[PDB]
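Two forms, one protein chain; structure tokens for each follow separately as structure 1 and structure 2.
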Structure 1
């Protein structure tokens, strides 16, 4: 890989992210002022855990669809066998959703963008998942301190997905090559933008993984009793 090929990979990953980010950073930032009132918060708190589950599972299904679209636009992902494509997305899509969340998170008031406005973790009281929600808000709080640029997120989330250590891969050597090219692209781009300092500040690989596992455990008890059919927007 030459300077030109690496740089093209950076630009491409960043374009694929821009096209699949779901919510524009400009829109999310200008809505930080639009905070849920005490009456609106109480309104969410009065809902059944079943009503909150369906609303949240709908938004989560939608977020996952955008992550899948991002993966499909990454060089070589499409060329991997269907098995390996499923293995990478089964293991990493949720983890990417957790990383993307920091964009919709305001660290000043500890609020998150949810259903048109910003609200604190108390909005989710009915779910009875206060420890898990708190961990989600803590993880988002820690990433927001890094002032992650859109391009840093694109490159970092591409590496969350393109991981050769996922159990069950049939073409491990192809994923390894794709991973290193993206690692080279990420490190090169950090050197061009004087952002070498973020690498040591990134959450340990195990942190996202455990949070994803804790999340999936809770999600399963909910979908076991309440499945839902949500509309899918895309592909080309």
Structure 2
């Protein structure tokens, strides 16, 4: 792609990102002092493991629906065959959610916006996946230290999704070309805003895959203990992406 086309690509991705976020960044920032009390935290800690998993799977499913809408607005995504669209979303939707979540993370007090207020990782104790929760909090903390703009997250998440290395891609060369153009848009934007210093600080190739693999593993453990809860009370989209339907 030429220069004018790259700038158009940057504008298009940033607009697609802003239009596909449930909450405005300004809404999240204005809620920072709205923190769960010690009584409310104890309340979440006293919830049954199955109740907390159900609540978390519903919130993750809603976040994924927004990621699907984001993918659909990406130039070239809708021109790929359905097999490749599905391969990219199944491999990348959770990774996009993990990156987007730093917008709802307050590095000042290590809290996340969850169910209307900010709370620390202790809110999630009843899930019984402490190692995964602390790794997600560590990841959001590491991204927050980069001070990403909303435009930087938009371009980086388009790249998390448009990855030609995903196994199962039928039109690999077509995805390599969309990836190259998105990489140019991302690097052009960083060069234009004097933010190329972040390139070295972006998470390593393998960190997102590790977090996604841990999520799937913890789900399998929960599913063995509460199979009827997953079958009857988890969203169908969640099961499609994480437990093969």
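Residue numbers count along the first chain shown, from 1. Shifts are known only where both forms have a C-alpha. For the two forms, the rigid core is made up of the largest set of C-alpha atoms that agree within 1.5 Å on superposition.
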2 Å or more on the CA of residue 222 between structure 1 and structure 2, with the rigid core superposed, yes or no? yes
Shift in angstrom of the residue 231 C-alpha between structure 1 and structure 2, rigid core held fixed, comes out at 16.3
In Å, how large is the CA movement of residue 49 between structure 1 and structure 2 relative to the superposed rigid core? 0.6
Can you read me the CA shift for residue 23 between structure 1 and structure 2, rigid core superposed, in Å? 1.5
For a quick check of understanding: after superposing on the core, name the runs of at least three residues, shared by both forms, whose CA atoms each shift 2 angstroms or more between structure 1 and structure 2. 219-236
